[PDB]
Amino acid sequence: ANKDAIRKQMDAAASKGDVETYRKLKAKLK
Amino acid sequence: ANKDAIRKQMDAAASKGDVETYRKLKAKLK
Amino acid sequence: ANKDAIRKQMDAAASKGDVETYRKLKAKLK
Amino acid sequence: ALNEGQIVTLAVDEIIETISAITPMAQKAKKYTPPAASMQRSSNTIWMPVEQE
Amino acid sequence: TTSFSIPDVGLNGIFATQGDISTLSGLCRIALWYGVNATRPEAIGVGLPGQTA
Amino acid sequence: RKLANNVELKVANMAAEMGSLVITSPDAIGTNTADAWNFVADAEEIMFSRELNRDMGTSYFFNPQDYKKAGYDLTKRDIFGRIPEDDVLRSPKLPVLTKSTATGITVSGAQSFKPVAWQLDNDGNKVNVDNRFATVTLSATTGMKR
Amino acid sequence: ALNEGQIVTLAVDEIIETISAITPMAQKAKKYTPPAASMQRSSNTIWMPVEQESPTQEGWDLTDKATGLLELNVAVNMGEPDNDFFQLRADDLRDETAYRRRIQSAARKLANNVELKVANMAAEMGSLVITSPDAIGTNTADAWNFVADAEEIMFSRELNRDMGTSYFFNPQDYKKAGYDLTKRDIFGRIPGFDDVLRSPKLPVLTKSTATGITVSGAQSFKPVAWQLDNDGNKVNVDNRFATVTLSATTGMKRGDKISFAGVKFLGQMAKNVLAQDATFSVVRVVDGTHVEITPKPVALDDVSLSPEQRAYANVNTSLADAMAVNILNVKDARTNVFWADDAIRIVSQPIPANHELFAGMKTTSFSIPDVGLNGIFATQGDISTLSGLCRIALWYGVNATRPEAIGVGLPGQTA
Amino acid sequence: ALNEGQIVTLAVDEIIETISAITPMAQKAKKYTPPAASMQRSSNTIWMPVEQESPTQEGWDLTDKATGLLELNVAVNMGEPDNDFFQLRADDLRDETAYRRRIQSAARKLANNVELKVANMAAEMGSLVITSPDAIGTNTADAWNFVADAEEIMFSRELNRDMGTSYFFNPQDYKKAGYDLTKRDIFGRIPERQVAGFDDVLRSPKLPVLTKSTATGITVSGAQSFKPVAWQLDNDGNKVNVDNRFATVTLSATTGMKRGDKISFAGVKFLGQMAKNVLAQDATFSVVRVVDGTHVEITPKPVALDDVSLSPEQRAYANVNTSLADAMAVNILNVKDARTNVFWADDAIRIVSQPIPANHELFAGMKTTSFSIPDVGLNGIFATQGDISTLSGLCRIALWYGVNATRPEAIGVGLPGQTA
Amino acid sequence: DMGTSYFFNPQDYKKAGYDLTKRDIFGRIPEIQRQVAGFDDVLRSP
């Protein structure tokens, strides 16, 4: 649910190449 | 949270030049 | 004349304390 | 890049907190405030009474 | 000049700044005006270990 | 930090050079009951016997060597040993009291001191007398220092 | 199954996580960032200020008391960046996990290099040497309390600019001392103080074969603010290091700890003689009769030097004509290091990069916040090997500023 | 009548124009602006690179060009600023002209001192020393041709392959050489390209007098060999660049030796930089400092061509036929006191300057404004403050700059009259 | 610069002075691993 949505968002951020957003979302996930 | 708002109040007090209010707000922050 | 207007603007610039525009107008004078 | 008020506030806060922190002996000594507080630079000889026996 | 006070220790001071062109920098002065008095020296003790003589 | 240095150095030097309740022992400070010296216990005993403590307790200050030798844990204490939120503390500004080389010193004559409340100064007014210090005439004062 | 953006993001994330985990010692040392921001000139010899010490300055009237200040400095050389230049093959890039594993393997090597740098510097130019003939343990009778001794030597010296001291044990001595380690993390941190933790990368300080060596002459060292270089300009002087002439520098290495006999420490701030002998660490053997010892011995009872120079005194008395060196590391032992707040500084600048200026390589800049390290991540396509070159560069300079505040604990120095 | 803004603007304008117009010597030096801008009072040692041209490669395929040459850096330190502290009396502030005149006098002082520093650098750090008993004069029978000799020694060493050489004459030798001052300013510039050429001969009255060396019979001790090395480990264990300009040698004794002396080992001969051909001219070395009573440092690092240990990339950096032998004689050159004439190549002296780190408007007591002189390349500060002692203002103009004698082998000093 | 895995037979594990307190039957911890950080792991296996 929420974990899946966060995973999709961080995957999109990584695909965009934005490291900062990916790191923030990784912090939120765990 | 409110810590970032009281930090802005601390900065405003410091820029004004009131040591007493700055110290009170710093004690509040901690 | 151009020289008188340049001198007036030079005095106005020197009154405010700006050295860059003063030097530029001096260069235009030469 | 610190404005004048910020200079004063930061300096006074730092002085107060660090001196109050690293003075163990001076905080165990009794604090005396002279009754006569006047705007004079000459050092007066304050006579505090001792306990009467 | 800004006058401050340290409540925990009981010291009164002043903090002053001024600009000097003989140093191209802002002079800063912190003063602490205090007098330590040993009232009743009979109550102050000194412990001296290892006085073998 | 320099200003706090000056304050603490002044207090420690004044306490060491003006303190008169002197307690000495040939042994060194430690936790060994047989061979070490209990500085805190002796200080408390001499202050209680002498009755100069208004019953609020005294304040003991160790130097770091003797504080370590006295077996104080310091883990549940501040850097000075203040139990942050017996009050035994340690200070690094405690001076070393150099030995005195005077050997053959005797009182010069029969001297008696009395507490004097006031005296007349040169202008003729009355000025209080500091009744702490008494001037003693001795045979010789060689090797004696403040 | 990895696109370029995901490659960059995963690589930067894995580098940051791996470096920030396996580096406990570099995180305890103060992080410094210089405003210079030089570009591929080995940076510069960044001259770093050191805390000022001044005389009393008592009285209402102070006319010219602000002119005699010394303003000493210390220098750090960033040097050249530490790289890990390898190839990325299709095996590594097939899946996120394999790529993260490869990037972690690279970042772990870089982090280990950082850790050995810090540990070796702390062990080889730490001055506050504490040695005991007994091994570290819990028993009060036959064992040695390293933490208590280190805390006391820091407190008496008044070298702890008050934030707390960091204690580092090698894992053997950490186990010997009574530390739980079950409720703590891998290194002993919490996710006498609470800064005690263990580091595998602590080196071993080998013996010193020097025996019966004495000072050659009567040297007195005084703090110097600046000196004229060969160009006639004014260059600052690194006042940490003092060149002392000995009778014979035989058996002396870069890590030996020496303590001249008859010389005792002073409280850095109170200027009172301590019981502990002043211990120095030799950092270079210049000649057969000259060495460099990492704390400069400034004598209180030295009339040659001015009061502004006397404010920096850390030694009871200057070196006499024939004083004994008194080598301290007399047996091989793994070192335990401890230091104050500002005793080691990691200086780093962002690596100068012109991103997207040259097409062909993708360069991204990453900064580890936990450890003051800045880096660059570069990927290029190599048609010769039909794969992709990958480079991870870390640019940092680890500086042992204030070597007097770095200590080495040497157990077992029986004889 | 002047207000504070007019004071600041007029003073900065006068300083910039006067300092730009006065100094010719600093113009000839190649200005270098550090990439780093620092907020610290103690300037970091700027390690600026020294570039020797790589030989061009021709062909379509350059995969095998390689030959990454040794990258060597020289260190420049910025001293304490050179400042002119003076009182702005009420007379100087009466109108515009008096203020311009006073600021012009201050700028003249500062510019003269800058020229003095550059001239002392060139005289005491110049390596190419040419001497003979004769004195400079127009006639060829019994006099010098300083320009011709300097041009010949520069062409033989191949130091200035493309750019021109700047020749500086003291006024006496400038008059003796036959150069007329008619329709010319004080320094010999004509009152009036940049890409190439621009060979000029100027007269500079700031050239110092080189005192003779009262040292005889000094011999080299040991066998010294020097190799240009790009990096070394400092005490912290980090890597620091090595100033490969200065090499310290061991001598029998350093008595009678000072900074300004010139030496020339007997068996050592110069080499063409681009061809490594032995030249008939004896190799000339200039001392910078006397380290001890036994060691001494010299401006050109003697790197012998016949060195087996020398790497090819290191062998590219060669200016000596054979290293110092066991008992070679120093053979001091400057034997008589004489005013020096200095010449140098395009990039043989660099002026390094960065803005003075100061925060403005925080302290209301003083008014500090930062100015820059782009023509000369000196960054400075202008400060004023009111003094109750003199019932007027105190003004201070501080210039912060560092002169570096990069490539000292390309700086030539020629002192005539060395009869004995 | 990583950990090493040590496997003892049970008797030499006992004789070397290794305890099984807060460890499973093989000497492992019941719960970036320790090996990556550079810490050795001592186990016993029959």
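The sequence lines fix the lettering, A, B, ..., with proteins before strands; numbering per chain opens at 1. Hydrogens, waters and symmetry mates play no part in the numbers below; they use all other heavy atoms, side chains included.
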Does any heavy atom of chain D fall under 4.5 Å from the side chain of F:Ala15, the backbone, both, or neither of them? neither
Counting heavy atoms not belonging to F:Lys145, are there more than 12 under 6.0 Å from its NZ? yes
By a 4.5 Å heavy-atom criterion (distance strictly below it), what part of F:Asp87 contacts chain D: side chain, backbone, both, or neither? side chain
Nearest 0.5 angstrom please: D:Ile19 CD1 to F:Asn6 CG, how far? 10.0 Å
Scored by heavy-atom pairs under 4.5 Å with chain D, the best of F:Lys93, F:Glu8, F:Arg1, F:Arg82 is F:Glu8
F:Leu94 vs D:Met25 side-chain heavy atoms within contact, under 4.5 Å: yes
Let me know if F:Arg54 has heavy atoms under 4.5 Å from chain D in its side chain, its backbone, both or neither. side chain
So which part of D:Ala26 gets closer than 4.5 Å to some heavy atom of chain F, the side chain, the backbone, both or neither? both
Heavy atoms from other residues, nucleotides or ligands near CD of F:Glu51 exceed 12 (cutoff 6.0 Å): no
Closest heavy-atom contact between F:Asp130 and D:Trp47? N-CZ3, 4.0 Å
OH of D:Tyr32: more than 12 outside heavy atoms within 6.0 angstrom? yes
Qualifying residue for side chain to side chain contact (heavy atoms under 4.5 Å, CB included) with D:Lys28, from F:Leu89, F:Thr58, F:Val11: F:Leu89
For F:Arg50, does the CZ atom have more than 12 heavy-atom neighbours from other residues, nucleotides or ligands under 6.0 Å away? no
